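Working notes for the structure below.
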Amino acid sequence: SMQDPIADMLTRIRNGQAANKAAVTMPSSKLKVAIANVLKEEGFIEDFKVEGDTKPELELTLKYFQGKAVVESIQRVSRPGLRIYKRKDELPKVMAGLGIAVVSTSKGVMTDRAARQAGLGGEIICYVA
Amino acid sequence: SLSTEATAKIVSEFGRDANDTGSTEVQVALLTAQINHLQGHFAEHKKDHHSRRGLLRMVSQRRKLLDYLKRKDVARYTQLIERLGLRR
Amino acid sequence: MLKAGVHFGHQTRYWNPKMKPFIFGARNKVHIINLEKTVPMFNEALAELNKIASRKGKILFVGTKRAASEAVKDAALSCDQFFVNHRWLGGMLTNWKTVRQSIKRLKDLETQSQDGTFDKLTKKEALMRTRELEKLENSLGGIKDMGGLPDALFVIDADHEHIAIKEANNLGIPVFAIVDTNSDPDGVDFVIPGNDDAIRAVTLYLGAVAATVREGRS
RNA sequence: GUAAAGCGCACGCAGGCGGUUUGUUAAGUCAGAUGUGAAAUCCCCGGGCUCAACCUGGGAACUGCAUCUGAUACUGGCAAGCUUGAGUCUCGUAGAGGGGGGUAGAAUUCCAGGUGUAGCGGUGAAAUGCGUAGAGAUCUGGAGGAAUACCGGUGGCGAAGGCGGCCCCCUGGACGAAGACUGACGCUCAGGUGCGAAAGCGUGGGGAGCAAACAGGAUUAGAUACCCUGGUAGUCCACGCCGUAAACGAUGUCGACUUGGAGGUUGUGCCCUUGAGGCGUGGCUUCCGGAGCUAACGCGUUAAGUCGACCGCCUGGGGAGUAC
RNA sequence: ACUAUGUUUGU
Ligand SMILES: CN[C@@H]1[C@@H](O[C@H]2O[C@H](CO)[C@@H](N)[C@H](O)[C@H]2O)O[C@H]2C[C@@H](N)[C@@H](O[C@H]3[C@H](O)[C@@H](O)[C@H](N)C[C@@H]3N)O[C@@H]2[C@@H]1O
Ligand SMILES: CN[C@@H]1[C@@H](O[C@H]2O[C@H](CO)[C@@H](N)[C@H](O)[C@H]2O)O[C@H]2C[C@@H](N)[C@@H](O[C@H]3[C@H](O)[C@@H](O)[C@H](N)C[C@@H]3N)O[C@@H]2[C@@H]1O
Ligand SMILES: [Mg+2]
Ligand SMILES: [Mg+2]
Ligand SMILES: [Mg+2]
Ligand SMILES: [Mg+2]
Ligand SMILES: [Mg+2]
Ligand SMILES: [Mg+2]
Ligand SMILES: [Mg+2]
Ligand SMILES: [Mg+2]
Ligand SMILES: [Mg+2]
Ligand SMILES: [Mg+2]
Ligand SMILES: [Mg+2]
Ligand SMILES: [Mg+2]
Ligand SMILES: [Mg+2]
Ligand SMILES: [Mg+2]
Ligand SMILES: [Mg+2]
Ligand SMILES: [Mg+2]
Ligand SMILES: [Mg+2]
Ligand SMILES: [Mg+2]
Ligand SMILES: [Mg+2]
Ligand SMILES: [Mg+2]
Ligand SMILES: [Mg+2]
Ligand SMILES: [Mg+2]
Ligand SMILES: [Mg+2]
Ligand SMILES: [Mg+2]
Ligand SMILES: [Mg+2]
């Protein structure tokens, strides 16, 4: 009964890309906004905005290249039924470095590459290839 | 059952105002009134299993509301149950 | 604009959901093509047709419905290009090495009929070859002189001539199709929204294409 | 789903999981340090036995554990909230939803009588059977039980099992419109509890029709059957058991998202309501079909697609859902 | 109307 809003956000992206939709809207949370920030900086989504005051709606602008969805694979890793925490030396490399692993560290949400530079581990939120 | 006047009396007497119909005390009191009212019906119609299901739904809802009220603030919980005649 | 009034799309119930970008708010259970989006795509289709005609390419005009058979034939002949106005043969393009033998047979009977041995032989088998001729000519007359695969394919109805489109798709031949609201604009390389059955619309498309390839041959 | 595998269905304790914001904590998590992680073994560079095996130096490793210090994004704890999830109230709607009473008409059977007469009944054909002791047919009256023709509809309601003549009484749920209220009160659920077709069982009634068993007649090589003529339990009612079905959508529940078309049923908003209409918006339903999925069949917004939570279950066929 | 059956084992 909606026990994983993060996986819901990833599914909306995955289903929106499969449906070739321009944008996907969803209820907003600061964790979703943090994840959307990482996706935008990595180039997987064009943009996002958080319109709304008391019930904010985060809406992401999906990105298509040559008629194909930019996000080919987007997969939740640390689900509520099974949490995944990785130390710095065992952070995952997605698509041999061509993808990103969104990681929640004590210094914020970043990529696996950014977390490796910062020398931190944390929760593996998702893989984005 | 639980006619409009009976419902209106309960919410006024267990709620803050006449529009405080969503308070846990009002909801528990409304469920308690219907559960007590249906007691006579099921004494006569002991084979009315389909209606029993609605009654047991009321009992389960009241139990969950009471657990929430106990967890939130026990003082109102203890006050409510003695005012309604609960805990067996 | 230069084309309004003539064409209005099919009924809503038969609409292909992949035609939504080109649909402009069906009026009364009948879809209306967005002509504002029709004008640029049609121009770029014509522009590309001009370019390959400049490369001296072959344009095959494929319209098989009765209301557009003659229009396709005259337009292709006027712009001295090839056409298929009757039943498309499955494998006209993909099975060319077999249909090539068939147009060869058609050409031999053409010489036989006009100038060869066609009345110096038994009459029953004579008109047997006669009746074979128009059959073989009304199916392959428009492509007698291809000599190979065409370089472009202009289609009047995308879904009706779906066989030709996917024959071109797997062969790598660009497709310029008049895709109506009940067709899938997937195999078409250059989608042109608009009617696929109205006589005025089809002749208008064909006249524009016939003119454009003529200027491309200069 | 069909290969083994979704409990028959539901409620629900423990457990697992849990919307959104702020603060705090630092349990999980992460970082660093220190201690320890025996040696041997393994591995990497070497060295010595003529080589190798073997022996051996050094190092890496021992992926662990504990302590201290720090980080605070996430999860957890605590506190305060918020409204989207969930629930309450107001008005209305449809329904074979349930329980208890009453009642109506048709028909069957039986009982009595009138008319009337030699067949009736049954089958593939027959016979058993019924009939001159008066059948069958027809008409009148009466008794009794059971079920509710048409409506009736891939119609509706119910968690499932199931539920249809009509009327009354008691009663459950669902849905819609507009608001107001409470303010995660939620989801799932091992054990547990409840409901749960038919058959069956117990007690007491009832018994028209049908009918296991049984009997007779046929059929047949045989016929412990199919068919015919009868016919007991049972089918009905009350109460109490049983607790199983191809209890099936062979598809667990909950939530989210993802092209369409044609209907049905039931609300509701606006507009030319001009009239059953047009444009929306809900709930529940049927068919087809796109992507996608699938071994294929096929499913396809009511998914068997894309995901998340929890539960149940499977691990070749038999032996065996059997023994103990 | 209504019949039943078709020995074992190969390329
Ligand atoms: C409306 N969905 C239907 C579903 O409905 C079921 O679940 C719904 C849940 O709400 C219920 N409302 C409904 O009452 C119930 O029946 O039942 C299945 C049964 C399944 N054997 C299959 O049959 C198909 C066959 O597999 C196929 O061979 C045949 N061609 C067509 C059949 N539909 O497809 C249907 C179809 O998926
Ligand atoms: C105007 N025609 C109809 C309307 O009738 C009424 O509309 C107005 C009220 O709104 C009244 N003023 C008017 O007098 C009356 O005629 O009721 C709705 C009911 C709605 N559930 C839906 O069902 C259809 C749905 O499309 C779907 O549920 C199903 N597939 C098929 C249903 N017929 O579409 C019809 C349709 O819009
Ligand atoms: Mg089987
Ligand atoms: Mg199976
Ligand atoms: Mg089931
Ligand atoms: Mg439950
Ligand atoms: Mg529990
Ligand atoms: Mg949370
Ligand atoms: Mg700690
Ligand atoms: Mg050596
Ligand atoms: Mg070392
Ligand atoms: Mg050691
Ligand atoms: Mg915290
Ligand atoms: Mg917290
Ligand atoms: Mg408050
Ligand atoms: Mg259990
Ligand atoms: Mg029971
Ligand atoms: Mg029974
Ligand atoms: Mg009995
Ligand atoms: Mg019998
Ligand atoms: Mg079973
Ligand atoms: Mg059933
Ligand atoms: Mg089963
Ligand atoms: Mg289908
Ligand atoms: Mg499947
Ligand atoms: Mg047993
Ligand atoms: Mg034998």
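We use all heavy atoms of the structure for the numbers below, so side chains are in, but hydrogens, waters and symmetry mates are not. So you know, we letter chains A, B, ... as the sequences are listed, proteins then strands, and number each from 1.
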Assigned glycosidic conformation for D/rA133 [threshold 90° from 0]: anti
Each nucleotide N or O in nucleotides 66-77 of chain D that has a protein N or O under 3.5 Å away: list the pair and distance.
residue, atom, partner, partner atom, Å
D/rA71, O2', A/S106, OG, 3.3
D/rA71, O2', A/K107, NZ, 2.3
D/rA73, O2', A/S104, OG, 2.7
D/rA73, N9, A/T105, O, 2.9
D/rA73, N3, A/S104, O, 3.4
D/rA73, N3, A/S104, OG, 3.0
D/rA73, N3, A/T105, O, 3.3
D/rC74, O4', A/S104, OG, 3.4
D/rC74, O2', A/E123, OE1, 3.4
D/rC74, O2', A/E123, OE2, 2.8

Distance test, side-chain N/O of C/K18 to OP1/OP2 of D/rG260, below 4.0 Å: no
Ring-centre distance below 5.5 Å and interplanar angle below 30°, E/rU5 vs E/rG6: yes
Candidate nucleotides D/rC185, D/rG255, D/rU259, ranked by approach to the side chain of A/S1 - the nearest: D/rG255
Watson-Crick or G-U pairing of D/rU301 with D/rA250, both H-bond distances under 3.5 Å: no
Syn-anti status, with the boundary at 90° from 0, for the nucleotide D/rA295: anti
D/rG136 versus D/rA112 - spacing of their P atoms, nearest Å: 12 Å
Residue closer to the 5' end of RNA chain D, B/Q34 versus A/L82 (nearest nucleotide): B/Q34
Spacing of the P atoms in D/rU285 and D/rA180 (rounded, Å): 32 Å
Salt-bridge criterion met for C/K37 and C/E44 (N-O under 4.0 Å): no
Syn or anti for D/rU34 (syn when the glycosidic angle lies within 90° of 0): syn
Backbone N/O of A/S104 and side chain of A/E123: donor-acceptor pair under 3.5 Å: no
Output field: Watson-Crick/G-U pair D/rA73 D/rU220, thresh under 3.5 Å: no
Pairwise P distance, D/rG196 and D/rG243 [rounded to whole Å]: 14 Å
B/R76: side chain to side chain donor-acceptor pair (under 3.5 Å) partners, not counting sequence neighbours: B/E25, B/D73
Nucleotides D/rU115 and D/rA53 paired (Watson-Crick or wobble, under 3.5 Å): no
Contact under 4.0 Å: B/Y68 side-chain N or O vs D/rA184 OP1/OP2: yes
B/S3-B/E5 side chain donor-acceptor pair, cut-off 3.5 Å: yes
